[PDB]
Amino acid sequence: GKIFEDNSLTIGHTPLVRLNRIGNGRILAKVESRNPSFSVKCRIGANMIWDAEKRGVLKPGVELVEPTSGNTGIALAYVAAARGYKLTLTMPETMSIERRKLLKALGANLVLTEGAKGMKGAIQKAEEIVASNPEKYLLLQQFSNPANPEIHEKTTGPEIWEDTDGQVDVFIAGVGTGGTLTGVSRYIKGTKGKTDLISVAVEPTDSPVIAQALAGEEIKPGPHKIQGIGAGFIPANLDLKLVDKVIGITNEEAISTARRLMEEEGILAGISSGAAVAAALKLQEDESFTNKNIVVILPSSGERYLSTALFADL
C-alpha cells in the first residue's frame, strides 16, 4: 500500500468527472480542489520546493519567500509546514482577516504591503527581503520558475492521458501562471505525440491579454472578478506555441456557471472553475466541437470563496 512521508507527497490523482447536466455529457471536469491545500496550486507548492531542494539552493538556514495574494500562498504555506521550512509571504493589506488566519495557522510569516501600491508593492517587498540577505532567502517565482509547468507535465498531464485512455480531444484551462496549460499540453502533445490536441486558454474578457497577444495587438489589462486567472500579462510559464485558442469569459458567465457546478453537478467550484466550464460550453456552440471529448480544469473549491459575491442570493 502507501504511507506518505509528509502531506506534500499526497498531491495529484484528482478525479475526472463527467458533467451530466452541463453541456452534452462530453465535458470532463478535473477537480483540482481534491488536493492537500485544496487547489490546483498544491501541485506547484510542492514541486517548486522539491526542485529547490534538488538544485541544492534550499538547505539549512535558508527560508522561503514569495509574493502572492492567491492560492499559491496556501500551497507554499502547507508544504513549508510539512517539510519544516520557514516561509514568508508578501501580499497587499487588502487581504481579508480570514485569509490571513488561514495562512498563519499553517505557520506562514505574513508581510502586508501598502494597499495602493497593490501587487507590485508585494513583489517589491519580496525582492527587498531577499536583497537584505541573499544567502538566507529563496524566492520561488511562480510565474517564471520552470518547476511550475513541470509537475503538470509529470502528473497533471499523465493523469488526464491515463484516465481518458488517450482519447482527450480538447484540453481547457484558465491561465493564471499558465503552468497547468503549458505542462499538460507539453505532455499530451509532446511526450505522447498527439499534436491533434486543442489546447484552449481561458482568460477574463476584462483583461484579455492572451487574445491581444495572439492578434499582435497591444497588451491592455484590466480588473476582473475571476480570481486565480487573468494575470494581466503573458507569464513566462505560458508557452504560446502550445496554445491553439483562447476564450474570454465575462465575470457574470463565470459566476453563474460556478453556481451551476455546485447546484447541478454537486461540485464545489470557485469563479475560475465556472469560467473554464463556460468556455467548454461556448466551444460546444461551434458544431465542429460538439462530438469531441473535452477535459476542463477545475482549480478551486467555492468554500474558499464563501464570503464573496459568488454566493449572493438568499
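The first residue of the shown sequence is 1; numbering continues from there.
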Mean Cα B factor from the PDB record: higher for 237 to 245, or higher for 128 to 136?
128 to 136
Which wins on mean Cα temperature factor, 228 to 236 or 194 to 202?
194 to 202
Of the residues 40, 276, 58, 269, the one carrying the largest Cα B-factor as recorded:
58
Maximum C-alpha temperature factor, selected from 156, 96, 71, 164:
164
Chain-relative CA temperature factor third for residue 25
highest
Within this chain, which third does the Cα B-factor at residue 174 fall in: lowest, middle or highest?
lowest
Quick one: classify residue 182 as lowest, middle or highest third of the chain based on its Cα B-factor.
lowest
Within this chain's modelled residues, let me know which third the CA B factor of residue 280 belongs to: lowest, middle or highest.
middle
Tertile call for residue 122 (CA temperature factor, within chain, third-based) is the highest
